């Protein structure tokens, strides 16, 4: 019933690949997991699911792909994920760097440059900054890189086992 793990991801990048594989593995462990899909969430899920999940989950998994900063929902959620961990350092953030160099996540360079250029047309400096600070923070945490040669199912198994053993 109570949520344990919170997946933050860019739908179009990973919803069918790693994110889904990780979701499946977590269920095999009966870990109650929320999928923060930036495109497919429903209106009656905001309260009963989203806020509760983000409130209850003690483990957050940002699956950060090349299109992650293109989505304002992703950035908004990462910032909130970061804030909540800072309030309650017992909470853990476990980044997955999906087919991006962690350097680009850390400095918002490469594929992320144009996202932030775009957002700066609509949002103020403090909002943009908060979003960059969250990517830097999380980009600097230990995690798993996923590259073109990885067996994503094996990584998913490693990640879910690690999560399961901690949850005890």
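Positions refer to the first chain, counted from 1.
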item	value
Stretch with the higher entry mean CA B-factor, where the candidates are 43-51 and 108-116	43-51
Comparing 72-80 with 88-96, the one whose average Cα B-factor in the PDB entry is higher	88-96
Candidate residues 63, 141, 26, 135, the one whose C-alpha B factor the record puts highest	26
Position of residue 31 among the chain's modelled residues by C-alpha B-factor, lowest, middle or highest third	highest
Chain third (lowest, middle, highest) by recorded CA B-factor, residue given as residue 17	highest
Entry-reported Cα temperature factor of residue 167, expressed as the chain third it lands in	highest
Third of the chain, ranked by Cα B-factor, where residue 5 sits	middle
